[PDB]
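Under the entry's author numbering, residue 47 is the last one in the sequence shown; the count climbs by one each step, no gaps. Using N, Cα and C, we set each Cβ at its ideal position, and we do this for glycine too. Accompanying notes for the structure given below.
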Amino acid sequence: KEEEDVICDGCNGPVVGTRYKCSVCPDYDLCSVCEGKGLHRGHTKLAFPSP
Ligand SMILES: [Zn+2]
Ligand SMILES: [Zn+2]
């Protein structure tokens, strides 16, 4: 199988639970830990679940 996984651009770890996808930068995502630490705060992100 091919699976589409989300990798955090802050820490390169898995994004499980809620994902924070940048609405400006292409193909850019933070995990909840990196989002809470304030990385990449200069752009609006979309917060939604991460199956
Ligand atoms: Zn992270
Ligand atoms: Zn961005």
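Contact test: residue i Cβ vs ligand 2 heavy atom, cutoff 7 Å
{"i": "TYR16", "result": "no"}
Identity of the residues DSSP links to residue i by a beta bridge
{"i": "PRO10", "result": "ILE3"}
{"i": "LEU42", "result": "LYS17"}
{"i": "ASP23", "result": "Note: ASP23 sits in no beta bridge, so no partner."}
Heavy atom of ligand 1 within 7 Å of residue i beta-carbon
{"i": "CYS21", "result": "no"}
{"i": "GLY13", "result": "no"}
{"i": "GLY9", "result": "yes"}
{"i": "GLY6", "result": "yes"}
{"i": "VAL2", "result": "no"}
{"i": "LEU26", "result": "yes"}
Backbone secondary structure at residue i - three-state DSSP
{"i": "residue 55", "result": "Nothing can be reported for residue 55, as the shown portion of the chain is limited to -3 through 47."}
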